[PDB]
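Participant: Data: target_15.cif, mmCIF, C-alpha atoms and all ligand atoms.
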```cif
data_model
#
loop_
_atom_site.label_atom_id
_atom_site.label_comp_id
_atom_site.auth_asym_id
_atom_site.auth_seq_id
_atom_site.Cartn_x
_atom_site.Cartn_y
_atom_site.Cartn_z
CA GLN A 1 27.13 1.03 16.25
CA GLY A 2 29.40 1.36 14.25
CA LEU A 3 30.32 -1.75 12.17
CA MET A 4 26.49 -2.36 12.25
CA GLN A 5 25.50 -1.88 8.53
CA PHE A 6 21.70 -2.25 7.95
CA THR A 7 20.95 -4.56 4.92
CA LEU A 8 17.77 -5.41 3.05
CA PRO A 9 16.72 -8.55 1.24
CA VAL A 10 18.04 -8.71 -2.35
CA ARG A 11 14.85 -7.56 -4.13
CA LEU A 12 14.61 -4.46 -1.78
CA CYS A 13 18.40 -3.77 -1.83
CA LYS A 14 18.14 -3.38 -5.66
CA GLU A 15 14.70 -1.86 -6.14
CA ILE A 16 15.16 0.77 -3.32
CA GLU A 17 17.60 2.57 -5.72
CA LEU A 18 14.88 3.06 -8.34
CA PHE A 19 12.52 6.09 -8.30
CA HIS A 20 9.34 3.90 -8.54
CA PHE A 21 10.15 1.71 -5.45
CA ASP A 22 7.08 0.97 -3.24
CA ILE A 23 8.12 0.42 0.43
CA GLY A 24 5.56 -2.38 0.82
CA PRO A 25 2.87 -3.23 3.41
CA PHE A 26 5.23 -4.40 6.25
CA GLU A 27 5.09 -1.35 8.56
CA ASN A 28 7.77 -2.86 10.90
CA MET A 29 10.33 -2.80 8.00
CA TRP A 30 9.89 0.98 7.28
CA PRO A 31 12.24 2.21 10.07
CA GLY A 32 15.05 -0.02 8.78
CA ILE A 33 14.38 1.10 5.17
CA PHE A 34 14.79 4.75 6.39
CA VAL A 35 18.03 4.07 8.40
CA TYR A 36 19.38 2.17 5.35
CA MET A 37 18.65 5.24 3.20
CA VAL A 38 20.25 7.72 5.71
CA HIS A 39 23.40 5.52 6.01
CA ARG A 40 23.82 5.29 2.20
CA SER A 41 22.73 8.93 1.55
CA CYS A 42 24.52 10.66 4.40
CA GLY A 43 26.81 8.08 6.10
CA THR A 44 26.84 5.62 9.06
CA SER A 45 28.59 8.50 10.96
CA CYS A 46 26.00 11.30 10.33
CA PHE A 47 23.77 10.15 13.29
CA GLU A 48 23.98 8.11 16.55
CA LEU A 49 21.97 4.93 15.79
CA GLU A 50 20.25 4.91 19.24
CA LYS A 51 19.25 8.63 18.89
CA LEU A 52 18.12 8.16 15.24
CA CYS A 53 15.96 5.09 16.13
CA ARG A 54 14.34 6.94 19.10
CA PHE A 55 13.73 9.94 16.73
CA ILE A 56 12.13 7.72 13.99
CA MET A 57 9.90 5.95 16.54
CA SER A 58 8.62 9.27 18.09
CA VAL A 59 8.06 10.71 14.57
CA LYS A 60 6.07 7.57 13.71
CA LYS A 61 3.97 7.91 16.90
CA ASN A 62 3.13 11.55 15.89
CA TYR A 63 1.58 10.53 12.50
CA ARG A 64 -2.15 9.72 12.72
CA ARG A 65 -4.16 6.75 11.39
CA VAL A 66 -5.56 8.70 8.39
CA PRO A 67 -6.07 7.18 4.94
CA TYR A 68 -3.26 9.08 3.10
CA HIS A 69 -1.28 11.60 5.28
CA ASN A 70 0.20 8.82 7.48
CA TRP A 71 3.55 7.27 8.40
CA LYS A 72 3.66 5.34 5.07
CA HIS A 73 3.43 8.71 3.15
CA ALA A 74 6.26 10.10 5.36
CA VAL A 75 8.63 7.21 4.48
CA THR A 76 7.54 7.09 0.80
CA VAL A 77 8.32 10.86 0.43
CA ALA A 78 11.72 10.29 2.15
CA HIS A 79 12.44 7.40 -0.29
CA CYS A 80 11.79 9.71 -3.33
CA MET A 81 14.30 12.26 -1.86
CA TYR A 82 16.83 9.41 -1.30
CA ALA A 83 16.56 8.39 -5.02
CA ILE A 84 17.07 12.08 -6.07
CA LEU A 85 20.02 12.58 -3.71
CA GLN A 86 21.63 9.26 -4.78
CA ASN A 87 21.28 10.21 -8.51
CA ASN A 88 22.85 13.72 -7.87
CA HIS A 89 25.73 12.67 -5.50
CA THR A 90 28.01 15.69 -5.83
CA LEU A 91 25.40 18.54 -6.03
CA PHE A 92 24.41 18.60 -2.32
CA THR A 93 26.13 19.74 0.90
CA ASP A 94 26.71 17.56 3.99
CA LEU A 95 24.05 19.60 5.87
CA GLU A 96 21.58 19.25 2.93
CA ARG A 97 21.95 15.41 2.88
CA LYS A 98 21.37 15.37 6.73
CA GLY A 99 18.38 17.78 6.71
CA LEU A 100 16.42 16.69 3.64
CA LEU A 101 15.64 13.00 4.51
CA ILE A 102 14.64 14.17 8.05
CA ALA A 103 12.52 16.99 6.56
CA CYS A 104 10.74 14.43 4.32
CA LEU A 105 10.02 12.02 7.23
CA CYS A 106 8.64 14.98 9.32
CA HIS A 107 6.92 17.02 6.51
CA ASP A 108 3.29 16.02 7.46
CA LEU A 109 3.76 15.38 11.27
CA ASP A 110 0.38 15.32 13.08
CA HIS A 111 -1.67 15.79 9.87
CA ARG A 112 -5.42 15.31 10.53
CA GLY A 113 -6.39 14.50 6.88
CA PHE A 114 -7.71 18.08 6.28
CA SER A 115 -6.53 20.91 3.97
CA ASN A 116 -5.39 24.39 5.14
CA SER A 117 -8.70 25.66 3.59
CA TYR A 118 -10.83 23.41 5.83
CA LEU A 119 -8.93 24.51 8.99
CA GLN A 120 -9.51 28.20 7.92
CA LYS A 121 -13.25 27.61 7.25
CA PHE A 122 -13.68 25.58 10.49
CA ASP A 123 -11.83 28.43 12.33
CA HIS A 124 -9.30 25.91 13.86
CA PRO A 125 -6.98 27.48 16.50
CA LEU A 126 -4.06 26.49 14.14
CA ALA A 127 -5.56 28.87 11.50
CA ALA A 128 -5.28 31.76 14.09
CA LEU A 129 -1.70 30.79 15.08
CA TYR A 130 -0.49 30.39 11.40
CA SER A 131 -2.37 32.51 8.85
CA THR A 132 -0.62 30.94 5.81
CA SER A 133 0.90 27.48 5.13
CA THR A 134 -1.12 26.62 8.27
CA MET A 135 -0.51 22.85 8.49
CA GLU A 136 3.11 23.22 7.22
CA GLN A 137 4.06 25.64 10.11
CA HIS A 138 2.50 23.07 12.47
CA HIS A 139 4.51 20.17 10.94
CA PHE A 140 7.75 22.16 11.42
CA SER A 141 6.73 23.01 15.06
CA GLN A 142 6.12 19.26 15.78
CA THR A 143 9.52 18.49 14.20
CA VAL A 144 11.27 20.94 16.63
CA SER A 145 9.17 19.50 19.55
CA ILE A 146 10.45 15.96 18.81
CA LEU A 147 14.11 17.13 18.30
CA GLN A 148 13.81 18.73 21.81
CA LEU A 149 12.75 15.48 23.57
CA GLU A 150 15.47 13.89 25.78
CA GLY A 151 17.79 11.58 23.81
CA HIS A 152 16.23 12.73 20.45
CA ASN A 153 18.78 15.37 19.38
CA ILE A 154 20.12 13.57 16.29
CA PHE A 155 21.96 16.89 15.52
CA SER A 156 23.88 17.00 18.86
CA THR A 157 27.42 16.90 17.26
CA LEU A 158 26.71 19.95 14.99
CA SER A 159 28.03 23.37 16.11
CA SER A 160 25.48 26.07 17.10
CA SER A 161 25.90 27.47 13.50
CA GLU A 162 25.41 24.20 11.60
CA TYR A 163 22.41 23.28 13.83
CA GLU A 164 20.69 26.62 12.91
CA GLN A 165 21.51 26.02 9.19
CA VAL A 166 20.14 22.42 9.22
CA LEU A 167 16.92 23.54 11.08
CA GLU A 168 16.57 26.32 8.47
CA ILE A 169 16.91 23.77 5.55
CA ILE A 170 14.20 21.64 7.25
CA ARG A 171 11.92 24.65 7.88
CA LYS A 172 12.08 25.87 4.23
CA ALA A 173 11.80 22.22 2.95
CA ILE A 174 8.64 21.64 5.04
CA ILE A 175 7.02 25.06 4.20
CA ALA A 176 7.61 24.37 0.44
CA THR A 177 5.25 21.32 0.67
CA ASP A 178 2.42 23.89 0.74
CA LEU A 179 1.28 23.33 -2.91
CA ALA A 180 -0.16 26.93 -2.88
CA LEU A 181 3.56 28.03 -2.87
CA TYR A 182 4.65 25.51 -5.59
CA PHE A 183 3.13 27.39 -8.63
CA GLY A 184 5.15 30.60 -8.12
CA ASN A 185 8.29 28.68 -7.16
CA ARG A 186 8.22 26.58 -10.36
CA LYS A 187 7.43 29.68 -12.59
CA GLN A 188 10.50 31.47 -11.18
CA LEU A 189 12.68 28.38 -11.56
CA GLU A 190 11.51 28.00 -15.20
CA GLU A 191 12.29 31.73 -16.01
CA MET A 192 15.69 31.46 -14.22
CA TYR A 193 16.61 28.21 -16.06
CA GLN A 194 15.62 29.65 -19.53
CA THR A 195 17.34 33.08 -19.17
CA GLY A 196 20.33 31.06 -17.82
CA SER A 197 20.46 33.07 -14.51
CA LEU A 198 19.95 29.88 -12.35
CA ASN A 199 23.00 29.68 -10.03
CA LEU A 200 23.37 26.80 -7.50
CA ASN A 201 25.93 29.05 -5.60
CA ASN A 202 23.13 31.58 -4.80
CA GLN A 203 21.60 30.22 -1.55
CA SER A 204 18.23 31.86 -2.55
CA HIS A 205 18.37 29.69 -5.74
CA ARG A 206 19.31 26.48 -3.87
CA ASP A 207 16.31 27.21 -1.61
CA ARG A 208 14.02 27.26 -4.72
CA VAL A 209 15.49 24.04 -6.18
CA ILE A 210 15.08 22.25 -2.76
CA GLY A 211 11.48 23.52 -2.68
CA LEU A 212 10.81 21.92 -6.10
CA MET A 213 12.48 18.62 -4.98
CA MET A 214 10.09 18.72 -1.95
CA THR A 215 7.02 19.13 -4.22
CA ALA A 216 8.32 16.34 -6.51
CA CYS A 217 8.86 13.95 -3.57
CA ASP A 218 5.53 14.91 -2.00
CA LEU A 219 3.64 14.20 -5.28
CA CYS A 220 5.68 10.98 -6.02
CA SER A 221 2.52 8.71 -6.02
CA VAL A 222 2.09 9.95 -9.69
CA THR A 223 5.59 8.50 -10.49
CA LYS A 224 4.94 4.88 -9.36
CA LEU A 225 3.88 1.95 -11.51
CA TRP A 226 0.18 2.24 -12.48
CA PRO A 227 -1.20 -0.36 -9.96
CA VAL A 228 0.51 1.58 -7.05
CA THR A 229 -0.59 4.99 -8.47
CA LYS A 230 -4.14 3.74 -8.97
CA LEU A 231 -4.45 2.23 -5.41
CA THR A 232 -2.75 5.27 -3.74
CA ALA A 233 -5.40 7.56 -5.51
CA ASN A 234 -8.13 5.69 -3.50
CA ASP A 235 -6.45 6.74 -0.20
CA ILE A 236 -5.97 10.35 -1.47
CA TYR A 237 -9.70 10.61 -2.38
CA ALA A 238 -10.86 8.86 0.87
CA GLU A 239 -9.38 11.85 2.74
CA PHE A 240 -10.74 14.41 0.24
CA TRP A 241 -14.26 12.97 0.47
CA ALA A 242 -14.23 13.04 4.34
CA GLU A 243 -13.22 16.78 4.13
CA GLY A 244 -16.07 17.27 1.62
CA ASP A 245 -18.50 15.73 4.15
CA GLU A 246 -17.08 18.12 6.84
CA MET A 247 -17.49 21.11 4.42
CA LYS A 248 -21.15 20.00 3.91
CA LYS A 249 -21.54 19.90 7.73
CA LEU A 250 -20.38 23.60 7.95
CA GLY A 251 -23.03 24.37 5.27
CA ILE A 252 -20.45 24.82 2.42
CA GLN A 253 -20.69 22.93 -0.95
CA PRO A 254 -17.20 21.45 -1.34
CA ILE A 255 -15.31 21.65 -4.66
CA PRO A 256 -16.11 18.55 -6.79
CA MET A 257 -12.66 16.98 -6.07
CA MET A 258 -13.86 16.59 -2.41
CA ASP A 259 -17.53 15.61 -3.14
CA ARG A 260 -18.10 11.85 -2.88
CA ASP A 261 -21.38 12.27 -4.87
CA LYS A 262 -19.14 13.38 -7.85
CA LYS A 263 -16.88 10.21 -7.98
CA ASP A 264 -17.57 9.88 -11.75
CA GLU A 265 -15.43 13.14 -12.17
CA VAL A 266 -12.18 11.71 -10.63
CA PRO A 267 -10.55 10.57 -13.92
CA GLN A 268 -10.98 14.10 -15.53
CA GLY A 269 -9.73 15.71 -12.23
CA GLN A 270 -6.60 13.47 -12.39
CA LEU A 271 -6.02 14.70 -16.04
CA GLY A 272 -6.14 18.36 -14.86
CA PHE A 273 -3.77 17.63 -12.00
CA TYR A 274 -1.19 15.80 -14.19
CA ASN A 275 -1.40 18.66 -16.81
CA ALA A 276 -1.50 21.71 -14.39
CA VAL A 277 0.75 20.37 -11.58
CA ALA A 278 2.55 17.03 -11.94
CA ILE A 279 3.99 17.20 -15.53
CA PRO A 280 5.25 20.85 -15.15
CA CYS A 281 6.80 19.92 -11.76
CA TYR A 282 8.81 16.92 -13.04
CA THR A 283 9.60 18.77 -16.37
CA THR A 284 11.19 21.80 -14.58
CA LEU A 285 12.90 19.37 -12.08
CA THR A 286 14.40 17.37 -15.01
CA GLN A 287 15.71 20.63 -16.63
CA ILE A 288 17.55 21.54 -13.39
CA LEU A 289 18.57 17.93 -12.43
CA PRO A 290 18.72 15.77 -15.56
CA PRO A 291 19.13 12.45 -13.65
CA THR A 292 15.54 12.84 -12.19
CA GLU A 293 14.11 12.19 -15.69
CA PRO A 294 12.67 8.74 -14.76
CA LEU A 295 10.13 10.66 -12.51
CA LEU A 296 8.88 12.63 -15.56
CA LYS A 297 8.77 9.47 -17.68
CA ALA A 298 6.70 7.54 -15.03
CA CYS A 299 4.39 10.56 -14.60
CA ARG A 300 3.75 10.71 -18.35
CA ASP A 301 3.06 6.90 -18.28
CA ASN A 302 0.45 7.48 -15.53
CA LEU A 303 -1.20 10.44 -17.42
CA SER A 304 -1.66 8.03 -20.34
CA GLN A 305 -3.25 5.38 -17.98
CA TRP A 306 -5.81 8.06 -16.78
CA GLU A 307 -6.59 8.90 -20.46
CA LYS A 308 -7.32 5.15 -20.95
CA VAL A 309 -9.59 5.15 -17.85
CA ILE A 310 -11.70 7.95 -19.49
CA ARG A 311 -11.86 6.15 -22.92
CA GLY A 312 -13.36 3.17 -20.96
CA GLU A 313 -10.25 1.11 -22.10
CA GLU A 314 -9.95 0.56 -18.27
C1 LIG B 1 -6.42 16.21 -8.30
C2 LIG B 1 -6.24 16.05 -6.78
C3 LIG B 1 -4.84 15.58 -6.33
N1 LIG B 1 -4.50 14.43 -6.89
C4 LIG B 1 -3.28 13.93 -6.50
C5 LIG B 1 -2.88 12.72 -7.08
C6 LIG B 1 -1.64 12.22 -6.73
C7 LIG B 1 -0.77 12.86 -5.79
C8 LIG B 1 -1.10 14.05 -5.20
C9 LIG B 1 -2.38 14.60 -5.55
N2 LIG B 1 -2.73 15.78 -4.95
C10 LIG B 1 -3.94 16.28 -5.34
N3 LIG B 1 -4.22 17.53 -4.69
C11 LIG B 1 -3.32 17.86 -3.52
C12 LIG B 1 -4.10 18.93 -2.73
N4 LIG B 1 -4.30 20.09 -3.67
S1 LIG B 1 -4.33 21.69 -3.06
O1 LIG B 1 -4.26 22.56 -4.21
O2 LIG B 1 -3.38 21.83 -1.94
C13 LIG B 1 -6.02 22.00 -2.52
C14 LIG B 1 -6.35 21.88 -1.16
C15 LIG B 1 -7.66 22.16 -0.74
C16 LIG B 1 -8.65 22.56 -1.65
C17 LIG B 1 -10.04 22.85 -1.14
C18 LIG B 1 -8.31 22.69 -3.02
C19 LIG B 1 -7.00 22.40 -3.46
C20 LIG B 1 -5.10 19.84 -4.92
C21 LIG B 1 -4.43 18.68 -5.65
MG MG B 2 1.45 18.32 3.70
ZN ZN B 3 2.90 15.19 2.15
#
```
Show me the file's structure as structure tokens.

Facilitator:
Amino acid sequence: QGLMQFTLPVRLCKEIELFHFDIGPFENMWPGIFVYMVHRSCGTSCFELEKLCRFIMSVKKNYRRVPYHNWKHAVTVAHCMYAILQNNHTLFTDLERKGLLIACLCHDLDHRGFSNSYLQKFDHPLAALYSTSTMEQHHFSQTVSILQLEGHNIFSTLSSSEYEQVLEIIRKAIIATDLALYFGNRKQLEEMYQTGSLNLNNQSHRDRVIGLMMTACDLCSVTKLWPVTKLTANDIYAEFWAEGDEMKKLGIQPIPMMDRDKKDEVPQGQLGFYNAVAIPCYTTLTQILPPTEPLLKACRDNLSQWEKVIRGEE
């Protein structure tokens, strides 16, 4: 380094600050987009450039060539966290800023394009090692594996204490991307917000709020402009339909969301998802962190586009 400031072309320099930024189809630019975000979010001092670059490149290598849960999803989820962090400057600790972009880049490490349910029904060894949040315990394990490679300890300057804290932020942040855990977490956050007991000084409360940020970042395809949201849905369903086919091979009728013979039902399925998951998620997140409101707004725009799909207006 250390007078070596990463810079993006003008359109990307400006649009990367917005919630609805799409990182584009140039895979070789995604590392530099991430380093740019870390440097602006955390500092040019938070990591050794050489270590960070070696970390990024091994993380990339440990994402698979699957239609949705790939390297592009990793960096997209990290970008949504960057936009939240940058819009809420003063609310987050030095360790939080360090851990959370890394947790986002690593949150689906070594994903095979299959749900926790499918692993359990297949009887995958990972389902015997990790009885709940199966893939999420695996993603965290792969994150620690990569951090333990020679020349890959991006946290090397931290004390023993701070290193355990940062790895505990990452572990909780990654486990929270289990959507099965989201529903309870958001209910509690909503009760706490409304009875005015929510306290960002209570670590157990910060944990919940970081969990909800992680869901919000993970679901951020619903917060893009319609043509991005619509095209991303295709990749999401390409994975679901493969899992459906694999369910059928075990002699199990999949749920309709995963059945490629039931493609006509996707628009109504999207409606349910925006109503039951996405809108509540961004609504509670906006109550706790008002500057995240553009995510709710974009989500509501996309619900309205799915309503139009159903009404054959598109
Ligand atoms: C409507 C579908 C949907 N659309 C999305 C659109 C945009 C972004 C994210 C999206 N996520 C979606 N999924 C995420 C996965 N879950 S799950 O509950 O973990 C689940 C897992 C396995 C099985 C067998 C049943 C349920 C369901 C919802
Ligand atoms: Mg995941
Ligand atoms: Zn994810």

Participant: Can you tell me which residues sit at most 6 Å away from ligand LIG 1 (chain B), counting all atoms listed in the file, written as a PyMOL selection string?

Facilitator: chain A and resi 115+117+179+219+221-222+233+269-270+273

Participant: Give me, please, the distance in Å between CA of residue 77 (chain A) and CA of residue 41 (chain A), quoted to one decimal.

Facilitator: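 Pair CA of residue 77 (chain A) / CA of residue 41 (chain A) returns 14.6 Å.
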
Participant: Quick one: pull the distance between CA of residue 171 (chain A) and CA of residue 101 (chain A), Å, one decimal.

Facilitator: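 Computing the Euclidean distance for CA of residue 171 (chain A) and CA of residue 101 (chain A) yields 12.7 Å.
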
Participant: CA of residue 211 (chain A) to CA of residue 173 (chain A): how many Å, to one decimal?

Facilitator: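 So the two atoms, CA of residue 211 (chain A) and CA of residue 173 (chain A), lie 5.8 Å apart.
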
Participant: Nearest residue to residue 89 (chain A) out of A:289, A:102, A:109, A:295, using only C-alpha atoms?

Facilitator: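 Among the listed residues, the smallest separation from residue 89 (chain A) belongs to A:289.
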
Participant: Here's a test: counting only C-alpha atoms, identify every protein, DNA and RNA residue with an atom at most 10 Å from (-2.3, 6.0, -1.9) in the file's coordinate frame, and state them as a list in words.

Facilitator: residues 67, 68, 69, 72, 73, 221, 222, 228, 229, 230, 231, 232, 233, 234, 235, 236, 237 and 238 of chain A

Participant: Enumerate as a list in words the residues within 7 Å of ligand ZN 3 (chain B), counting all atoms listed in the file.

Facilitator: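 After applying the 7 Å limit, what remains is residues 69, 73, 74, 107, 108, 177 and 218 of chain A.
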
Participant: With only C-alpha atoms and all ligand atoms as the atoms that count, which of A:215, A:58, A:159, A:1 lies nearest to ligand MG 2 (chain B)?

Facilitator: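 Smallest separation from ligand MG 2 (chain B) among the options: A:215.
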
Participant: Just checking: using only C-alpha atoms and all ligand atoms, which residue out of A:32, A:2, A:113, A:43 ends up closest to ligand MG 2 (chain B)?

Facilitator: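 So, comparing all the options, the nearest one is A:113.
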
Participant: Neighbours of residue 95 (chain A) within 9 Å (all atoms listed in the file; same-chain residues fewer than 4 positions away dropped), as number ranges by chain?

Facilitator: A: 99-100, 162-163, 165-166, 169

Participant: Using only C-alpha atoms, which residues sit within 8 Å of residue 143 (chain A) once same-chain residues fewer than 2 positions away are excluded, as a ChimeraX atom specification?

Facilitator: /A:59,106,109,139-141,145-147

Participant: Of the residues A:37, A:144, A:279, A:174, which is the one nearest to ligand MG 2 (chain B), using all atoms listed in the file?

Facilitator: A:174

Participant: Could you name the residues that touch residue 61 (chain A) at 10 Å or less, counting only C-alpha atoms, but leaving out those on the same chain fewer than 6 positions away, as number ranges by chain?

Facilitator: A: 55, 71, 109-110

Participant: Tell me which of A:306, A:245, A:312, A:70 sits closest to ligand MG 2 (chain B), counting all atoms listed in the file.

Facilitator: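 The answer is A:70, which sits nearest to ligand MG 2 (chain B).
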
Participant: Model the absent atoms of region 216-236 of chain A so that N, CA, C and O atoms are present, and write the result as a PDB file, keeping the file's coordinate frame.

Facilitator:
```
ATOM      1  N   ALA A 216       8.142  17.527  -5.648  1.00  0.00           N
ATOM      2  CA  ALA A 216       8.320  16.340  -6.510  1.00  0.00           C
ATOM      3  C   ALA A 216       8.224  15.091  -5.638  1.00  0.00           C
ATOM      4  O   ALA A 216       7.617  14.119  -6.053  1.00  0.00           O
ATOM      5  N   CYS A 217       8.854  15.112  -4.475  1.00  0.00           N
ATOM      6  CA  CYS A 217       8.860  13.950  -3.570  1.00  0.00           C
ATOM      7  C   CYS A 217       7.444  13.799  -3.008  1.00  0.00           C
ATOM      8  O   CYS A 217       6.861  12.702  -2.995  1.00  0.00           O
ATOM      9  N   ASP A 218       6.866  14.915  -2.602  1.00  0.00           N
ATOM     10  CA  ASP A 218       5.530  14.910  -2.000  1.00  0.00           C
ATOM     11  C   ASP A 218       4.509  14.359  -2.972  1.00  0.00           C
ATOM     12  O   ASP A 218       3.458  13.830  -2.494  1.00  0.00           O
ATOM     13  N   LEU A 219       4.682  14.600  -4.283  1.00  0.00           N
ATOM     14  CA  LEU A 219       3.640  14.200  -5.280  1.00  0.00           C
ATOM     15  C   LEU A 219       3.969  12.804  -5.845  1.00  0.00           C
ATOM     16  O   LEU A 219       3.296  12.403  -6.778  1.00  0.00           O
ATOM     17  N   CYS A 220       5.025  12.148  -5.351  1.00  0.00           N
ATOM     18  CA  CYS A 220       5.680  10.980  -6.020  1.00  0.00           C
ATOM     19  C   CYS A 220       4.713   9.796  -6.222  1.00  0.00           C
ATOM     20  O   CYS A 220       5.012   8.936  -7.068  1.00  0.00           O
ATOM     21  N   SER A 221       3.492   9.796  -5.687  1.00  0.00           N
ATOM     22  CA  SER A 221       2.520   8.710  -6.020  1.00  0.00           C
ATOM     23  C   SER A 221       2.286   8.670  -7.540  1.00  0.00           C
ATOM     24  O   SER A 221       2.052   7.550  -8.087  1.00  0.00           O
ATOM     25  N   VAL A 222       2.361   9.835  -8.215  1.00  0.00           N
ATOM     26  CA  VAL A 222       2.090   9.950  -9.690  1.00  0.00           C
ATOM     27  C   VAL A 222       3.262   9.361 -10.475  1.00  0.00           C
ATOM     28  O   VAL A 222       3.105   9.174 -11.674  1.00  0.00           O
ATOM     29  N   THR A 223       4.362   8.978  -9.823  1.00  0.00           N
ATOM     30  CA  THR A 223       5.590   8.500 -10.490  1.00  0.00           C
ATOM     31  C   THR A 223       5.821   7.005 -10.265  1.00  0.00           C
ATOM     32  O   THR A 223       6.906   6.486 -10.655  1.00  0.00           O
ATOM     33  N   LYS A 224       4.846   6.328  -9.659  1.00  0.00           N
ATOM     34  CA  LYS A 224       4.940   4.880  -9.360  1.00  0.00           C
ATOM     35  C   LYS A 224       4.453   4.114 -10.589  1.00  0.00           C
ATOM     36  O   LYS A 224       3.934   4.710 -11.566  1.00  0.00           O
ATOM     37  N   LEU A 225       4.567   2.812 -10.519  1.00  0.00           N
ATOM     38  CA  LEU A 225       3.880   1.950 -11.510  1.00  0.00           C
ATOM     39  C   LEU A 225       2.369   2.084 -11.324  1.00  0.00           C
ATOM     40  O   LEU A 225       1.908   2.284 -10.215  1.00  0.00           O
ATOM     41  N   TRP A 226       1.632   1.975 -12.415  1.00  0.00           N
ATOM     42  CA  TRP A 226       0.180   2.240 -12.480  1.00  0.00           C
ATOM     43  C   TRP A 226      -0.584   1.575 -11.339  1.00  0.00           C
ATOM     44  O   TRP A 226      -1.407   2.232 -10.723  1.00  0.00           O
ATOM     45  N   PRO A 227      -0.384   0.275 -11.012  1.00  0.00           N
ATOM     46  CA  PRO A 227      -1.200  -0.360  -9.960  1.00  0.00           C
ATOM     47  C   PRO A 227      -1.000   0.292  -8.580  1.00  0.00           C
ATOM     48  O   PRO A 227      -1.951   0.418  -7.840  1.00  0.00           O
ATOM     49  N   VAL A 228       0.222   0.767  -8.293  1.00  0.00           N
ATOM     50  CA  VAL A 228       0.510   1.580  -7.050  1.00  0.00           C
ATOM     51  C   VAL A 228      -0.171   2.948  -7.131  1.00  0.00           C
ATOM     52  O   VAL A 228      -0.858   3.373  -6.166  1.00  0.00           O
ATOM     53  N   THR A 229       0.033   3.656  -8.245  1.00  0.00           N
ATOM     54  CA  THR A 229      -0.590   4.990  -8.470  1.00  0.00           C
ATOM     55  C   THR A 229      -2.098   4.898  -8.314  1.00  0.00           C
ATOM     56  O   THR A 229      -2.732   5.771  -7.609  1.00  0.00           O
ATOM     57  N   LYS A 230      -2.668   3.899  -8.954  1.00  0.00           N
ATOM     58  CA  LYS A 230      -4.140   3.740  -8.970  1.00  0.00           C
ATOM     59  C   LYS A 230      -4.667   3.471  -7.549  1.00  0.00           C
ATOM     60  O   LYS A 230      -5.738   4.020  -7.176  1.00  0.00           O
ATOM     61  N   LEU A 231      -4.007   2.603  -6.781  1.00  0.00           N
ATOM     62  CA  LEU A 231      -4.450   2.230  -5.410  1.00  0.00           C
ATOM     63  C   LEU A 231      -4.175   3.378  -4.450  1.00  0.00           C
ATOM     64  O   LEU A 231      -5.048   3.659  -3.633  1.00  0.00           O
ATOM     65  N   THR A 232      -3.024   4.043  -4.535  1.00  0.00           N
ATOM     66  CA  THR A 232      -2.750   5.270  -3.740  1.00  0.00           C
ATOM     67  C   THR A 232      -3.843   6.368  -3.955  1.00  0.00           C
ATOM     68  O   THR A 232      -4.257   7.045  -2.940  1.00  0.00           O
ATOM     69  N   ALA A 233      -4.319   6.587  -5.189  1.00  0.00           N
ATOM     70  CA  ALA A 233      -5.400   7.560  -5.510  1.00  0.00           C
ATOM     71  C   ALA A 233      -6.616   7.333  -4.604  1.00  0.00           C
ATOM     72  O   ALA A 233      -7.237   8.342  -4.155  1.00  0.00           O
ATOM     73  N   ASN A 234      -6.998   6.064  -4.394  1.00  0.00           N
ATOM     74  CA  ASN A 234      -8.130   5.690  -3.500  1.00  0.00           C
ATOM     75  C   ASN A 234      -7.956   6.294  -2.110  1.00  0.00           C
ATOM     76  O   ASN A 234      -8.955   6.761  -1.564  1.00  0.00           O
ATOM     77  N   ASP A 235      -6.750   6.217  -1.550  1.00  0.00           N
ATOM     78  CA  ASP A 235      -6.450   6.740  -0.200  1.00  0.00           C
ATOM     79  C   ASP A 235      -6.520   8.261  -0.237  1.00  0.00           C
ATOM     80  O   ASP A 235      -7.096   8.837   0.706  1.00  0.00           O
ATOM     81  N   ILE A 236      -5.977   8.875  -1.287  1.00  0.00           N
ATOM     82  CA  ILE A 236      -5.970  10.350  -1.470  1.00  0.00           C
ATOM     83  C   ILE A 236      -7.424  10.831  -1.448  1.00  0.00           C
ATOM     84  O   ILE A 236      -7.739  11.706  -0.670  1.00  0.00           O
TER      85      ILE A 236
END
```
